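First the structure, in the form of structure tokens, and then the observations on it.
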Amino acid sequence: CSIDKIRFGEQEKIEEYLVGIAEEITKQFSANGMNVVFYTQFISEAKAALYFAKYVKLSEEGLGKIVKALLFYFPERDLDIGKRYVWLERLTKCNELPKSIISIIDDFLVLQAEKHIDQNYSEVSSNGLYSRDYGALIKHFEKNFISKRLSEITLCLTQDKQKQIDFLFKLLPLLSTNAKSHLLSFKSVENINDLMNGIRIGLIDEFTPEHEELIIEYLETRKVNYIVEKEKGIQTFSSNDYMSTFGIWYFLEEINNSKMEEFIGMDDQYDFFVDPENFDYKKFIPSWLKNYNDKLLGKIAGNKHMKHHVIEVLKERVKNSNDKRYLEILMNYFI
Amino acid sequence: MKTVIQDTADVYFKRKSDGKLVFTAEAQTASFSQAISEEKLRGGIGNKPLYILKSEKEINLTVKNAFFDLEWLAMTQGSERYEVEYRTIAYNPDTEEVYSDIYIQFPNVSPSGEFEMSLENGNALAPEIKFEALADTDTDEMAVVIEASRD
């Protein structure tokens, strides 16, 4: 259902409801004394309240109140930073974001950065967890957040370990120029990648130089994977991809090299980008691009010479489904 | 013998740094889910191809049994990953013969239970356990299929 449409009433007191949940969490988890016999009760309803809030309003008091605890007092066992991140936008879906929340969230990101600086910590989640998500998001609100002094307190380091060396790559757009200066002091970019993040927030388009070794070695060491994979037989669909991320680059006109049709093999999505006029049509699927990004896909589905089968794909899916998404897709960008 | 489609699955669990083995004989529910839905972004910059698609592809796994085993209560009594090795099979509709074996293995998976069973009849108590596949910040760490049935 589209709860967003429905109207609201008695907003006054539910504000005290949520501030009460917040203060309850603060009091319970704040001291050394934590009762798990208490943890087995409504801990869950506490998250349940922190959710259906979007679809509900929030003055500065209530929104500040939820953010203090949400960034400060919830135990990690039921909470990873990824689902935290996901939860904080949807609170900001139905309201604005004042200086206060900027302040608090920046405090969170810096001291949580200070939390992970450890020989072992890997900062795991089921999203990937680069609170460069946070950096870019705060950048998305307002014009700029140069990170004031938190920039400097993140710069102040030494030879040490390698953790912050690439970790600070998360928050560069929320940093000063001296950040890039003493980054250039050691080890600019060697990550086999860099695209994953730089292309995500800062670089994106307009310049994709001769990066040389990256894609070439990708193909060089993936041909042997192809051989030893199709010969023996395994098919894992492990969630990490760059062949598709460059196949989409190929027809996006960002990549104009002639060395793209090489692999053949698997990932019929790659064939889908790179093989217009002979593509295997007995692989119809409402996926890949169905994960419809926006207009890049208007150009994707331009395809003056191939439309006739995709319109029957729309037939098959929209006709045999009540899901609103697929027909909302069908109408405009496929017209 | 009329309409009795019913199969079986074997599921194993292991924590890292040691050859752990917690297992179940069956998984009655074995619900696998794949949910994908994007965010609300309206940056609106013309010279900015988005091509975001997705890179999360969350998984959901569930098993049920009466087995916590017995020996790990022993020793274990005396992130903490809970890696899982599935074991299932497939059949050819043409031949309906035993020819294929299916494996599923993860390097980052953690359990996620709802600690409120509290149900008002003491039932057979098939302690349903809900799972979650976690992802590190290194690479990959998703699956391994070990497709068999070579021929």
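So basically every Cβ, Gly included, is an ideal-geometry build from the backbone, and we count neighbours across all protein chains shown. None of the figures in this text is laboratory data; all of them are computed from the coordinates on show.
Would you check which residues across segment A:211-241 are part of a helix (DSSP H, G or I) and closer than 25 Å to A:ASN127 by Cβ and list them?
A:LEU214, A:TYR218
Would you confirm, using the coordinates I've provided, whether A:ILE255 is within 18 Å of B:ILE36 (Cβ to Cβ), surrounded by 13 or more Cβ atoms within 10 Å (Cβ to Cβ) and in contact with a helix residue (DSSP H, G or I) (Cβ under 7 Å, 6 or more places away or on another chain)?
It is false that A:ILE255 is within 18 Å of B:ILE36 (Cβ to Cβ), surrounded by 13 or more Cβ atoms within 10 Å (Cβ to Cβ) and in contact with a helix residue (DSSP H, G or I) (Cβ under 7 Å, 6 or more places away or on another chain).
So that you can scan it fast, the table gives a plain yes or no per residue for (1) part of a loop (DSSP other than H, G, I, E, B); (2) farther than 18 Å from B:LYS14 by Cβ; (3) at the interface with chain A (Cβ under 10 Å from one of its Cβ atoms):
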{"position": "B:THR76", "(1), (2), (3)": "no, no, no"}
{"position": "B:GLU80", "(1), (2), (3)": "yes, no, no"}
{"position": "B:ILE89", "(1), (2), (3)": "no, yes, no"}
{"position": "B:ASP101", "(1), (2), (3)": "no, yes, no"}
{"position": "B:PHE115", "(1), (2), (3)": "yes, yes, yes"}
{"position": "B:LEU119", "(1), (2), (3)": "yes, yes, no"}
{"position": "B:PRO127", "(1), (2), (3)": "yes, yes, no"}
{"position": "B:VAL145", "(1), (2), (3)": "yes, no, yes"}
{"position": "B:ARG150", "(1), (2), (3)": "yes, yes, yes"}
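Here are A:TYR55, A:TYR85: which of them is part of a helix (DSSP H, G or I) and either among the aromatic types (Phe, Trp, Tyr) or surrounded by fewer than 16 Cβ atoms within 10 Å (Cβ to Cβ) (or both)?
Matching residue, one of A:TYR55, A:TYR85: A:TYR85.
Sort through A:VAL36, A:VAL56, A:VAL19 and tell me the only one that's more than 25 Å from A:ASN95 (Cα to Cα) and among the β-branched types (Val, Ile, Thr).
Exactly one of A:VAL36, A:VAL56, A:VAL19 is more than 25 Å from A:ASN95 (Cα to Cα) and among the β-branched types (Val, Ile, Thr), namely A:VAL36.
A:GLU12: acidic (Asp, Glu), farther than 30 Å from B:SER110 by Cβ and either within 14 Å of another protein chain (Cβ to nearest Cβ) or surrounded by fewer than 16 Cβ atoms within 10 Å (Cβ to Cβ) (or both), yes or no? Step through it out loud before you land on a result.
Values: acidic (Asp, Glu): yes; farther than 30 Å from B:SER110 by Cβ: yes; either within 14 Å of another protein chain (Cβ to nearest Cβ) or surrounded by fewer than 16 Cβ atoms within 10 Å (Cβ to Cβ) (or both): yes.
So A:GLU12 passes the test.
From the list A:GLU142, A:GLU76, pick out the single residue that is in a loop (DSSP other than H, G, I, E, B) and within 19 Å of A:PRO173 (Cα to Cα).
Within the list A:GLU142, A:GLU76, the selection yields A:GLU142.
Every residue in segment B:130-140 that is within 7 Å of chain A (Cβ to nearest Cβ) and either assigned to a strand (DSSP E or B) or under 15 Å from B:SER110 (Cβ atoms) (or both), please. Reasoning before the result, please.
Of the residues in segment B:130-140, the ones within 7 Å of chain A (Cβ to nearest Cβ) are B:132-137, B:139-140.
Within segment B:130-140, B:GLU132, B:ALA133, B:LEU134, B:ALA135, B:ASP136 qualify.
Would you say B:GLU85 is away from chain A (no Cβ under 12 Å), among the acidic types (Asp, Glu) and surrounded by 16 or more Cβ atoms within 10 Å (Cβ to Cβ)?
Taking the combined requirement at face value, the residue satisfies it.
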